[PDB]
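Colleague: This is my_file12.txt (compact mmCIF, C-alpha atoms).
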# COMPACT_ATOMS: atom_id res chain seq x y z
CA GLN K 1 -19.67 108.76 49.22
CA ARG K 2 -18.06 105.83 47.46
CA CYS K 3 -14.41 104.78 47.11
CA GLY K 4 -12.29 102.81 44.68
CA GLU K 5 -13.65 102.03 41.20
CA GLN K 6 -17.19 102.78 42.42
CA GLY K 7 -16.16 106.24 43.63
CA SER K 8 -13.79 107.22 40.84
CA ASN K 9 -10.63 106.15 42.70
CA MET K 10 -11.64 108.14 45.76
CA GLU K 11 -9.81 107.25 48.96
CA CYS K 12 -11.11 107.03 52.52
CA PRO K 13 -9.95 109.42 55.28
CA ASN K 14 -7.51 108.23 57.97
CA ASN K 15 -6.29 105.22 56.06
CA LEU K 16 -9.73 103.51 56.18
CA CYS K 17 -9.78 100.61 53.76
CA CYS K 18 -12.09 100.64 50.80
CA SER K 19 -13.79 97.23 50.52
CA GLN K 20 -14.32 95.39 47.30
CA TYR K 21 -17.82 96.94 47.25
CA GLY K 22 -16.62 100.58 47.23
CA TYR K 23 -17.37 101.31 50.95
CA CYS K 24 -15.03 102.72 53.63
CA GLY K 25 -14.41 101.02 57.01
CA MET K 26 -12.13 98.90 59.15
CA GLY K 27 -12.06 95.22 59.90
CA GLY K 28 -11.58 92.12 57.79
CA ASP K 29 -14.66 93.11 55.73
CA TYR K 30 -12.81 96.11 54.30
CA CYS K 31 -9.15 95.50 54.76
CA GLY K 32 -9.12 91.85 53.88
CA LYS K 33 -9.48 90.27 50.43
CA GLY K 34 -10.62 92.73 47.72
CA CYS K 35 -9.40 95.77 49.74
CA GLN K 36 -9.07 98.73 47.39
CA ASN K 37 -6.89 101.50 48.95
CA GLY K 38 -6.21 102.53 52.60
CA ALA K 39 -4.58 100.17 55.19
CA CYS K 40 -5.26 96.94 53.20
CA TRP K 41 -4.10 93.81 55.07
CA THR K 42 -2.32 92.79 51.91
CA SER K 43 -0.17 95.80 50.94
CA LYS K 44 -0.55 96.82 47.30
CA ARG K 45 2.45 96.62 44.93
CA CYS K 46 4.26 99.54 43.33
CA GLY K 47 7.21 101.06 41.56
CA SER K 48 9.60 98.84 39.65
CA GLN K 49 7.86 95.67 40.79
CA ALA K 50 4.43 96.68 39.40
CA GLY K 51 4.95 98.78 36.31
CA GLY K 52 5.64 102.20 37.83
CA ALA K 53 2.40 101.97 39.81
CA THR K 54 2.09 104.64 42.55
CA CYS K 55 0.74 103.93 46.03
CA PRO K 56 -2.74 105.19 46.88
CA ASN K 57 -3.23 107.36 49.99
CA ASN K 58 0.32 108.74 49.59
CA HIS K 59 1.88 105.54 50.98
CA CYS K 60 5.63 105.03 50.50
CA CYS K 61 6.66 102.34 48.04
CA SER K 62 9.40 100.34 49.84
CA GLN K 63 12.37 98.92 47.92
CA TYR K 64 10.57 95.56 47.34
CA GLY K 65 7.70 97.31 45.55
CA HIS K 66 5.18 97.07 48.45
CA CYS K 67 3.10 99.93 49.89
CA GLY K 68 3.29 101.18 53.49
CA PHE K 69 4.64 103.60 56.10
CA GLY K 70 7.60 103.42 58.56
CA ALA K 71 11.37 102.82 58.24
CA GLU K 72 11.01 99.76 55.99
CA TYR K 73 8.86 101.68 53.43
CA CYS K 74 9.85 105.30 53.69
CA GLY K 75 13.52 104.65 54.53
CA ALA K 76 16.31 103.26 52.43
CA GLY K 77 15.46 102.12 48.91
CA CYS K 78 12.07 103.91 49.00
CA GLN K 79 10.82 104.24 45.42
CA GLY K 80 7.75 106.53 45.78
CA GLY K 81 5.60 108.51 48.21
CA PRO K 82 6.82 110.70 51.09
CA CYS K 83 10.18 108.86 51.16
CA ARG K 84 12.63 109.94 53.87
CA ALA K 85 15.15 111.27 51.33
CA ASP K 86 14.53 114.40 49.24
CA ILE K 87 13.24 113.63 45.76
CA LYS K 88 14.77 115.55 42.88
CA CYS K 89 13.05 117.01 39.88
CA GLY K 90 12.90 119.69 37.28
CA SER K 91 15.44 121.42 35.10
CA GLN K 92 18.02 120.18 37.59
CA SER K 93 17.06 116.58 36.76
CA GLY K 94 16.33 116.41 33.07
CA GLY K 95 12.92 117.97 33.60
CA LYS K 96 11.61 115.08 35.74
CA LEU K 97 8.13 115.55 37.10
CA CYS K 98 7.36 114.82 40.76
CA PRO K 99 5.02 111.88 41.38
CA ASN K 100 1.47 112.45 42.51
CA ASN K 101 1.22 116.10 41.38
CA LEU K 102 3.70 117.30 44.03
CA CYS K 103 5.31 120.64 43.37
CA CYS K 104 8.89 120.79 42.08
CA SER K 105 10.42 123.72 44.04
CA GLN K 106 12.65 126.29 42.41
CA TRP K 107 15.60 124.23 43.85
CA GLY K 108 14.63 120.90 42.26
CA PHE K 109 12.92 119.04 45.17
CA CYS K 110 9.41 117.60 45.55
CA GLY K 111 6.95 118.73 48.22
CA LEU K 112 3.65 120.55 48.90
CA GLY K 113 3.28 123.82 50.71
CA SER K 114 4.38 127.33 50.02
CA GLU K 115 8.05 126.54 49.60
CA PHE K 116 7.54 124.13 46.77
CA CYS K 117 4.34 125.34 45.22
CA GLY K 118 4.80 129.11 45.59
CA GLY K 119 7.06 131.30 43.40
CA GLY K 120 9.63 129.40 41.28
CA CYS K 121 7.50 126.22 41.29
CA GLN K 122 8.49 124.28 38.25
CA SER K 123 5.84 121.58 37.74
CA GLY K 124 2.97 119.99 39.60
CA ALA K 125 0.45 121.66 41.86
CA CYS K 126 1.98 125.11 41.64
CA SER K 127 -0.08 127.84 43.28
CA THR K 128 1.32 130.48 40.88
CA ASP K 129 -1.43 129.84 38.35
CA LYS K 130 0.53 130.88 35.25
CA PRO K 131 -1.04 131.79 31.92
CA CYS K 132 -1.19 129.23 29.14
CA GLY K 133 -2.54 129.21 25.57
CA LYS K 134 -2.77 131.87 22.89
CA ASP K 135 -2.96 134.74 25.37
CA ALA K 136 0.34 133.31 26.60
CA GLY K 137 2.54 133.12 23.49
CA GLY K 138 1.20 129.60 23.25
CA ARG K 139 2.87 128.21 26.32
CA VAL K 140 1.64 124.83 27.61
CA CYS K 141 0.84 123.46 31.06
CA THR K 142 3.17 121.06 32.89
CA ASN K 143 1.90 117.59 33.84
CA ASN K 144 -0.25 117.61 30.71
CA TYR K 145 -2.67 119.83 32.64
CA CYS K 146 -5.46 121.25 30.48
CA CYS K 147 -5.12 124.81 29.29
CA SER K 148 -8.72 126.09 29.60
CA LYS K 149 -10.56 128.37 27.17
CA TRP K 150 -9.41 131.07 29.61
CA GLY K 151 -5.62 130.52 29.73
CA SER K 152 -5.50 128.60 33.03
CA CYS K 153 -4.00 125.21 33.88
CA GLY K 154 -6.08 122.58 35.57
CA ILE K 155 -7.97 119.31 35.64
CA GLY K 156 -11.74 119.00 35.45
CA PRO K 157 -14.52 119.53 32.91
CA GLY K 158 -14.03 123.29 33.15
CA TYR K 159 -10.41 122.95 32.11
CA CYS K 160 -10.37 119.90 29.82
CA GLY K 161 -13.78 120.54 28.32
CA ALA K 162 -14.78 122.76 25.41
CA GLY K 163 -12.32 125.51 24.51
CA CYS K 164 -9.30 123.59 25.89
CA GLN K 165 -6.32 125.01 24.00
CA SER K 166 -3.76 122.25 24.78
CA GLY K 167 -2.97 119.64 27.45
CA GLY K 168 -5.09 116.60 28.31
CA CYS K 169 -8.31 117.98 26.79
CA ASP K 170 -11.51 115.95 26.52
CA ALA K 171 -12.65 118.78 24.30
CA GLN E 1 -17.88 110.15 43.50
CA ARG E 2 -17.83 113.15 45.80
CA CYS E 3 -15.17 114.48 48.18
CA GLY E 4 -15.03 116.54 51.34
CA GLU E 5 -18.22 117.13 53.35
CA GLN E 6 -20.31 116.14 50.32
CA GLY E 7 -18.51 112.79 50.02
CA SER E 8 -18.15 111.93 53.70
CA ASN E 9 -14.59 113.29 54.01
CA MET E 10 -13.46 111.30 50.98
CA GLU E 11 -10.18 112.40 49.44
CA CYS E 12 -9.17 112.61 45.79
CA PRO E 13 -6.44 110.40 44.29
CA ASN E 14 -2.98 111.83 43.50
CA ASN E 15 -3.34 114.88 45.69
CA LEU E 16 -6.19 116.32 43.54
CA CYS E 17 -7.86 119.15 45.40
CA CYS E 18 -11.46 118.87 46.45
CA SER E 19 -13.25 122.13 45.60
CA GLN E 20 -15.70 123.84 47.86
CA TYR E 21 -18.44 122.02 45.88
CA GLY E 22 -17.21 118.49 46.69
CA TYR E 23 -15.59 117.80 43.26
CA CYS E 24 -12.01 116.63 42.48
CA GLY E 25 -9.67 118.46 40.07
CA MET E 26 -6.74 120.81 39.61
CA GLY E 27 -6.53 124.50 38.95
CA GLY E 28 -7.61 127.58 40.86
CA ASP E 29 -11.23 126.30 40.76
CA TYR E 30 -10.34 123.41 43.07
CA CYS E 31 -7.16 124.31 44.83
CA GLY E 32 -7.94 127.93 45.47
CA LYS E 33 -10.36 129.39 48.02
CA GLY E 34 -12.68 126.79 49.61
CA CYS E 35 -10.28 123.91 48.76
CA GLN E 36 -11.16 120.92 50.93
CA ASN E 37 -8.27 118.37 51.01
CA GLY E 38 -5.51 117.48 48.47
CA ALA E 39 -2.86 120.02 47.27
CA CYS E 40 -4.82 123.14 48.40
CA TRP E 41 -3.04 126.40 47.49
CA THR E 42 -3.52 127.47 51.06
CA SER E 43 -2.12 124.61 53.18
CA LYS E 44 -4.48 123.47 55.94
CA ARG E 45 -3.46 123.85 59.61
CA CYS E 46 -2.70 121.03 62.03
CA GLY E 47 -1.24 119.70 65.23
CA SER E 48 -0.59 122.05 68.13
CA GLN E 49 -1.58 125.10 66.10
CA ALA E 50 -5.08 123.80 65.26
CA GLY E 51 -6.31 121.67 68.12
CA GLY E 52 -4.60 118.36 67.37
CA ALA E 53 -6.07 118.38 63.86
CA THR E 54 -4.52 115.76 61.53
CA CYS E 55 -3.63 116.46 57.89
CA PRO E 56 -5.85 114.95 55.21
CA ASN E 57 -4.26 112.83 52.45
CA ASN E 58 -1.53 111.71 54.89
CA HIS E 59 0.31 115.06 54.59
CA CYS E 60 3.02 115.84 57.16
CA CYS E 61 2.21 118.55 59.69
CA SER E 62 5.31 120.79 59.78
CA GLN E 63 6.49 122.39 63.04
CA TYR E 64 4.43 125.58 62.38
CA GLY E 65 1.20 123.58 62.19
CA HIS E 66 0.84 123.69 58.36
CA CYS E 67 0.22 120.71 56.05
CA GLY E 68 2.58 119.57 53.28
CA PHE E 69 5.38 117.34 52.00
CA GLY E 70 9.20 117.80 51.73
CA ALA E 71 12.01 118.68 54.18
CA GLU E 72 10.16 121.65 55.73
CA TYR E 73 7.08 119.51 56.59
CA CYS E 74 8.31 115.98 57.05
CA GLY E 75 11.71 116.93 58.49
CA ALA E 76 12.63 118.47 61.80
CA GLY E 77 9.81 119.46 64.12
CA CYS E 78 7.26 117.42 62.12
CA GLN E 79 4.18 116.90 64.30
CA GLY E 80 2.09 114.40 62.26
CA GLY E 81 1.92 112.32 59.09
CA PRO E 82 4.76 110.30 57.52
CA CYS E 83 7.37 112.39 59.38
CA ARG E 84 11.02 111.57 58.64
CA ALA E 85 11.67 110.38 62.20
CA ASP E 86 10.18 107.16 63.62
CA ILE E 87 7.05 107.74 65.67
CA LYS E 88 6.75 105.87 68.94
CA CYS E 89 3.72 104.21 70.41
CA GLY E 90 2.29 101.46 72.49
CA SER E 91 3.20 99.88 75.79
CA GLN E 92 6.64 101.37 75.25
CA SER E 93 5.10 104.87 75.27
CA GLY E 94 2.34 104.89 77.83
CA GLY E 95 0.02 103.09 75.44
CA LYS E 96 -0.01 105.93 72.87
CA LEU E 97 -1.99 105.22 69.75
CA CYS E 98 -0.53 105.98 66.31
CA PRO E 99 -2.28 108.75 64.37
CA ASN E 100 -4.44 107.93 61.39
CA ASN E 101 -5.03 104.25 62.25
CA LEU E 102 -1.38 103.30 61.58
CA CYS E 103 -0.21 100.08 63.14
CA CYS E 104 1.94 100.18 66.28
CA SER E 105 4.55 97.43 65.67
CA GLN E 106 5.59 95.00 68.35
CA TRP E 107 8.66 97.30 68.85
CA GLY E 108 6.68 100.51 69.50
CA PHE E 109 6.86 102.31 66.09
CA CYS E 110 4.14 103.48 63.69
CA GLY E 111 3.80 102.23 60.12
CA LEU E 112 1.68 100.18 57.69
CA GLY E 113 2.68 96.94 56.08
CA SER E 114 3.44 93.51 57.37
CA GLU E 115 6.10 94.56 59.84
CA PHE E 116 3.85 96.86 61.77
CA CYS E 117 0.45 95.37 61.19
CA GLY E 118 1.32 91.66 61.25
CA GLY E 119 2.04 89.59 64.40
CA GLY E 120 2.73 91.63 67.58
CA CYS E 121 0.77 94.64 66.25
CA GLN E 122 -0.36 96.58 69.24
CA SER E 123 -3.01 99.05 68.04
CA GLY E 124 -4.35 100.45 64.82
CA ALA E 125 -4.94 98.65 61.55
CA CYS E 126 -3.57 95.33 62.71
CA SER E 127 -4.06 92.49 60.25
CA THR E 128 -4.13 89.91 63.08
CA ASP E 129 -7.89 90.27 63.50
CA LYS E 130 -8.03 89.31 67.18
CA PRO E 131 -11.18 88.20 68.99
CA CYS E 132 -13.12 90.67 71.10
CA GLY E 133 -16.30 90.50 73.20
CA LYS E 134 -17.85 87.76 75.30
CA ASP E 135 -16.33 84.95 73.26
CA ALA E 136 -13.05 86.66 74.15
CA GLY E 137 -13.11 86.94 77.96
CA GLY E 138 -14.61 90.34 77.28
CA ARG E 139 -11.56 91.93 75.73
CA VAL E 140 -12.06 95.24 73.88
CA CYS E 141 -10.80 96.63 70.58
CA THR E 142 -8.03 99.24 70.40
CA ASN E 143 -8.77 102.63 68.81
CA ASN E 144 -12.33 102.37 70.08
CA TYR E 145 -12.99 100.01 67.16
CA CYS E 146 -16.40 98.33 67.32
CA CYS E 147 -16.55 94.78 68.56
CA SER E 148 -19.17 93.23 66.24
CA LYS E 149 -21.91 90.76 67.19
CA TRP E 150 -19.34 88.22 65.96
CA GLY E 151 -16.26 89.05 68.06
CA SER E 152 -14.38 91.07 65.41
CA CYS E 153 -12.93 94.58 65.51
CA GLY E 154 -13.83 97.08 62.86
CA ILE E 155 -15.55 100.20 61.62
CA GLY E 156 -18.74 100.21 59.56
CA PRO E 157 -22.43 99.40 60.00
CA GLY E 158 -21.61 95.70 60.19
CA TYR E 159 -19.31 96.30 63.14
CA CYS E 160 -20.86 99.28 64.95
CA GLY E 161 -24.44 98.34 64.18
CA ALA E 162 -26.77 95.98 66.01
CA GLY E 163 -25.10 93.41 68.25
CA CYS E 164 -22.00 95.59 68.85
CA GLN E 165 -20.59 94.35 72.16
CA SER E 166 -18.28 97.32 72.95
CA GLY E 167 -16.28 100.04 71.19
CA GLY E 168 -17.73 102.94 69.17
CA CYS E 169 -21.10 101.28 68.56
CA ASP E 170 -24.00 103.05 66.85
CA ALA E 171 -26.01 100.08 68.06
Using structure tokens, write down the structure from this file.

Modeller:
Amino acid sequence: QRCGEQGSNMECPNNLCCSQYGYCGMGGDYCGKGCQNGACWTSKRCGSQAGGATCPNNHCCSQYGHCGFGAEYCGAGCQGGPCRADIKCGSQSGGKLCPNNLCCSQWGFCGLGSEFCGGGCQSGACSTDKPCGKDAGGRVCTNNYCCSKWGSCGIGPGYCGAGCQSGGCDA
Amino acid sequence: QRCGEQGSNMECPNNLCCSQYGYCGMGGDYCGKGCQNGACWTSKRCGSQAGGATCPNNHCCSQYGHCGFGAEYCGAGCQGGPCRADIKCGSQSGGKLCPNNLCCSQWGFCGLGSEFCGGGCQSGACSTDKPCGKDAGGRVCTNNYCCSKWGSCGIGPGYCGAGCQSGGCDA
């Protein structure tokens, strides 16, 4: 029920702005000064201009390193987000990972949905759920996902907790 | 700290899937069966095919009414989300509202950022914060935003609560 730093980087639905207090709404109280994620009045910075920083709420990072939607942000020069041009990844691009957990299709493009995440999926949010760890000739998860006690890739206490064979383990 | 119905429709950062329990993570425990929002293994339905339903996490609604990213979802036939084609709105389009609170620029296109939300902004998440209510010759907020006791448009208890002059008031 909280957003931003008070809600573990949780984002509000329908681009609602997270105020400086960790609450979701609309108006100057949420979108103005201290706005956390969502349609903030003062767009957040990203890409090149702000250390590789990704846009929250899947916003496109325009060529000037600002976050938003529309031609100016998703069009030409777009550096991150659901940019209007296909984004390349995988073996075909020196094993690049897609940003924001997106799937890298068998063809080397970033997306979400069956075509990217289903069979052939290279990295990211693949729905193929391939075996990792010792029961898997010690193969490791992509994206530094945790390889659970069970030989499954994921993120969460169950995956990164006790019995984590490799990846971004807590334990 | 919760997502989905347990977190008031709050979404996880970086397309993490919200499990059926209202927790954010990655793996079959979160993205599989019961997945709430984020990179669910089974894309959610939208637009025409599912009553006008919008995609969570700003995903594009492909022409078949499925949610995702990439050419198949944001390209041709895209019905909602950060579609590759400019989305029209406003006076120029029989006063249509943009989906997901996006700003309708002075020119009749949907986006977020200064160009859409700044001066001339027609509807949505405008940063112009224009006066509503009685102190405003009884003008009303767009998007059914609440016109607060103060003559400000917004969403939240402060806006929709007591002294709400018009809009989607609770009080």

Colleague: Work out how far apart CA of residue 91 (chain E) and CA of residue 111 (chain E) are and give it in Å to one decimal.

Modeller: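 Computing the Euclidean distance for CA of residue 91 (chain E) and CA of residue 111 (chain E) yields 15.9 Å.
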
Colleague: Would you pick out the contacts of residue 82 (chain K) at 9 Å or less, using all atoms listed in the file, so that residues sharing its chain but fewer than 4 positions from it are not included, and give the list as a VMD selection string?

Modeller: (chain K and resid 58 to 61 69 74 78 86 to 87 111) or (chain E and resid 59 to 60 69 to 70 74 82 to 84)

Colleague: Using the selection just defined, write its residues with C-alpha atoms as a PDB file, keeping the file's coordinate frame.

Modeller:
ATOM      1  CA  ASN K  58       0.320 108.740  49.590  1.00  0.00           C
ATOM      2  CA  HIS K  59       1.880 105.540  50.980  1.00  0.00           C
ATOM      3  CA  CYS K  60       5.630 105.030  50.500  1.00  0.00           C
ATOM      4  CA  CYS K  61       6.660 102.340  48.040  1.00  0.00           C
ATOM      5  CA  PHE K  69       4.640 103.600  56.100  1.00  0.00           C
ATOM      6  CA  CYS K  74       9.850 105.300  53.690  1.00  0.00           C
ATOM      7  CA  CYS K  78      12.070 103.910  49.000  1.00  0.00           C
ATOM      8  CA  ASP K  86      14.530 114.400  49.240  1.00  0.00           C
ATOM      9  CA  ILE K  87      13.240 113.630  45.760  1.00  0.00           C
ATOM     10  CA  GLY K 111       6.950 118.730  48.220  1.00  0.00           C
TER      11      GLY K 111
ATOM     12  CA  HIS E  59       0.310 115.060  54.590  1.00  0.00           C
ATOM     13  CA  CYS E  60       3.020 115.840  57.160  1.00  0.00           C
ATOM     14  CA  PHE E  69       5.380 117.340  52.000  1.00  0.00           C
ATOM     15  CA  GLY E  70       9.200 117.800  51.730  1.00  0.00           C
ATOM     16  CA  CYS E  74       8.310 115.980  57.050  1.00  0.00           C
ATOM     17  CA  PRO E  82       4.760 110.300  57.520  1.00  0.00           C
ATOM     18  CA  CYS E  83       7.370 112.390  59.380  1.00  0.00           C
ATOM     19  CA  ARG E  84      11.020 111.570  58.640  1.00  0.00           C
TER      20      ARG E  84
END

Colleague: I need the residue nearest chain E from this list: K:90, K:65, K:99, K:154. Use only C-alpha atoms for the distance.

Modeller: K:154

Colleague: Would you mind reading off the distance between CA of residue 101 (chain K) and CA of residue 2 (chain K), one decimal, in Å?

Modeller: 22.7 Å

Colleague: Neighbouring residues of residue 16 (chain E) were defined as those with any atom within 7 Å, considering only C-alpha atoms; residues of the same chain fewer than 5 positions away were excluded. Please report them as a VMD selection string.

Modeller: chain E and resid 24 to 26 38 to 39

Colleague: Rounded to one decimal in Å, what is the spacing between CA of residue 134 (chain E) and CA of residue 164 (chain E)?

Modeller: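 For CA of residue 134 (chain E) relative to CA of residue 164 (chain E), the distance reads 11.0 Å.
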
Colleague: Given the choices E:171, E:35, E:18, E:110, which gets closest to residue 1 (chain E) if the distance is worked out from only C-alpha atoms?

Modeller: E:18

Colleague: Would you list the contacts of residue 53 (chain K) as a PyMOL selection string, taking every protein, DNA or RNA residue within 10 Å and counting only C-alpha atoms, but skipping same-chain residues closer than 4 positions in sequence?

Modeller: chain K and resi 44-49+61+65+80

Colleague: Can I get the selection written as an mmCIF file, in the coordinates of the input, with C-alpha atoms?

Modeller:
data_model
loop_
_atom_site.group_PDB
_atom_site.id
_atom_site.type_symbol
_atom_site.label_atom_id
_atom_site.label_comp_id
_atom_site.auth_asym_id
_atom_site.auth_seq_id
_atom_site.Cartn_x
_atom_site.Cartn_y
_atom_site.Cartn_z
ATOM 1 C CA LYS K 44 -0.550 96.820 47.300
ATOM 2 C CA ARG K 45 2.450 96.620 44.930
ATOM 3 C CA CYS K 46 4.260 99.540 43.330
ATOM 4 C CA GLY K 47 7.210 101.060 41.560
ATOM 5 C CA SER K 48 9.600 98.840 39.650
ATOM 6 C CA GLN K 49 7.860 95.670 40.790
ATOM 7 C CA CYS K 61 6.660 102.340 48.040
ATOM 8 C CA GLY K 65 7.700 97.310 45.550
ATOM 9 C CA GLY K 80 7.750 106.530 45.780
#

Colleague: Within 10 Å of residue 136 (chain K), counting all atoms listed in the file, which residues qualify if same-chain residues fewer than 6 places away don't, as number ranges by chain?

Modeller: K: 130, 151-152

Colleague: Do a neighbour search on residue 109 (chain E) at 12 Å with all atoms listed in the file, toss out local chain neighbours closer than 2 positions, and write the hits as a PyMOL selection string.

Modeller: (chain K and resi 69-72) or (chain E and resi 82+85-93+95-99+102-107+111-112+115-117+120-124)

Colleague: Store the residues picked out above in a file with C-alpha atoms, as a tab-separated table (two decimals), in the coordinates of the input.

Modeller:
chain	number	residue	atom	x	y	z
K	69	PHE	CA	4.64	103.60	56.10
K	70	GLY	CA	7.60	103.42	58.56
K	71	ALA	CA	11.37	102.82	58.24
K	72	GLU	CA	11.01	99.76	55.99
E	82	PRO	CA	4.76	110.30	57.52
E	85	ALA	CA	11.67	110.38	62.20
E	86	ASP	CA	10.18	107.16	63.62
E	87	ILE	CA	7.05	107.74	65.67
E	88	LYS	CA	6.75	105.87	68.94
E	89	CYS	CA	3.72	104.21	70.41
E	90	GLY	CA	2.29	101.46	72.49
E	91	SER	CA	3.20	99.88	75.79
E	92	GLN	CA	6.64	101.37	75.25
E	93	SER	CA	5.10	104.87	75.27
E	95	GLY	CA	0.02	103.09	75.44
E	96	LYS	CA	-0.01	105.93	72.87
E	97	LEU	CA	-1.99	105.22	69.75
E	98	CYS	CA	-0.53	105.98	66.31
E	99	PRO	CA	-2.28	108.75	64.37
E	102	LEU	CA	-1.38	103.30	61.58
E	103	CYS	CA	-0.21	100.08	63.14
E	104	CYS	CA	1.94	100.18	66.28
E	105	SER	CA	4.55	97.43	65.67
E	106	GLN	CA	5.59	95.00	68.35
E	107	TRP	CA	8.66	97.30	68.85
E	111	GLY	CA	3.80	102.23	60.12
E	112	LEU	CA	1.68	100.18	57.69
E	115	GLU	CA	6.10	94.56	59.84
E	116	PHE	CA	3.85	96.86	61.77
E	117	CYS	CA	0.45	95.37	61.19
E	120	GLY	CA	2.73	91.63	67.58
E	121	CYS	CA	0.77	94.64	66.25
E	122	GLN	CA	-0.36	96.58	69.24
E	123	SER	CA	-3.01	99.05	68.04
E	124	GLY	CA	-4.35	100.45	64.82

Colleague: Quick one: of E:155, E:17, E:141, E:76, who's nearest to residue 29 (chain E), counting all atoms listed in the file?

Modeller: E:17

Colleague: Using only C-alpha atoms, which of the listed residues (K:142, K:63, K:20, K:42) sits closest to chain E?

Modeller: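 Looking only at the distances to chain E, the closest residue turns out to be K:42.
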
Colleague: In terms of the shortest atom-to-atom distance over only C-alpha atoms, which of E:40, E:50, E:12, E:146 is closest to chain K?

Modeller: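 Distance minimum relative to chain K lands on E:12.
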
Colleague: Please return the centre and edge lengths, in Å to one decimal, of a box with edges along x, y and z that contains all listed atoms of region 100-117 of chain E, widened by 5 Å on every side, as JSON.

Modeller:
{"center_x": 1.8, "center_y": 100.7, "center_z": 62.8, "size_x": 23.7, "size_y": 24.4, "size_z": 23.4}

Colleague: Compare K:22, K:170, K:41, K:5 by their minimum atom-to-atom distance to chain E, counting all atoms listed in the file, and give me the closest one.

Modeller: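 Ranked by minimum distance to chain E, first place goes to K:41.
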
Colleague: Export region 81-134 of chain E of the preceding structure, keeping C-alpha atoms, as a short mmCIF file (atom, residue, chain, number, x, y, z; two decimals), in the first residue's frame.

Modeller:
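Result file follows (result_31.cif):
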data_model
loop_
_atom_site.label_atom_id
_atom_site.label_comp_id
_atom_site.auth_asym_id
_atom_site.auth_seq_id
_atom_site.Cartn_x
_atom_site.Cartn_y
_atom_site.Cartn_z
CA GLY E 81 0.09 1.65 -23.95
CA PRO E 82 3.22 3.28 -25.43
CA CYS E 83 2.22 2.13 -28.96
CA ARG E 84 4.68 2.96 -31.75
CA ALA E 85 2.21 5.30 -33.47
CA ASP E 86 1.18 8.67 -32.01
CA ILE E 87 -2.11 8.54 -30.14
CA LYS E 88 -4.58 11.34 -30.76
CA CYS E 89 -6.74 13.13 -28.26
CA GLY E 90 -8.45 16.28 -27.22
CA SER E 91 -10.47 18.91 -28.99
CA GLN E 92 -8.88 17.62 -32.17
CA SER E 93 -10.48 14.21 -31.56
CA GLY E 94 -13.91 14.80 -30.10
CA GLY E 95 -12.41 15.52 -26.69
CA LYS E 96 -10.95 12.01 -26.27
CA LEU E 97 -8.95 11.49 -23.12
CA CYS E 98 -5.55 9.77 -23.24
CA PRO E 99 -5.36 6.39 -21.50
CA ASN E 100 -3.54 6.01 -18.22
CA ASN E 101 -3.59 9.71 -17.25
CA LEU E 102 -1.16 10.68 -20.04
CA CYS E 103 -1.15 14.32 -21.01
CA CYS E 104 -2.93 15.43 -24.19
CA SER E 105 -0.54 18.04 -25.69
CA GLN E 106 -1.76 21.29 -27.16
CA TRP E 107 -1.44 19.53 -30.59
CA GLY E 108 -3.70 16.56 -29.77
CA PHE E 109 -1.16 13.77 -28.97
CA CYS E 110 -0.60 11.66 -25.85
CA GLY E 111 2.65 11.64 -23.88
CA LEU E 112 4.34 12.60 -20.58
CA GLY E 113 7.01 15.21 -20.15
CA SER E 114 7.12 18.93 -20.60
CA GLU E 115 5.89 18.96 -24.17
CA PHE E 116 2.64 17.24 -23.41
CA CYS E 117 2.04 18.17 -19.82
CA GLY E 118 3.33 21.76 -19.84
CA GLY E 119 1.47 24.80 -21.27
CA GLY E 120 -1.49 23.97 -23.57
CA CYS E 121 -1.98 20.54 -21.94
CA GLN E 122 -5.55 19.60 -22.53
CA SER E 123 -6.33 16.67 -20.21
CA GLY E 124 -4.51 14.17 -18.04
CA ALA E 125 -1.49 14.76 -15.86
CA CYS E 126 -1.03 18.38 -16.82
CA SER E 127 1.61 20.21 -14.80
CA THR E 128 -0.18 23.55 -15.30
CA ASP E 129 -2.29 23.05 -12.19
CA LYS E 130 -5.27 25.14 -13.29
CA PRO E 131 -7.92 26.52 -10.96
CA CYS E 132 -11.23 24.72 -10.58
CA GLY E 133 -14.39 25.30 -8.52
CA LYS E 134 -16.17 28.44 -7.38
#
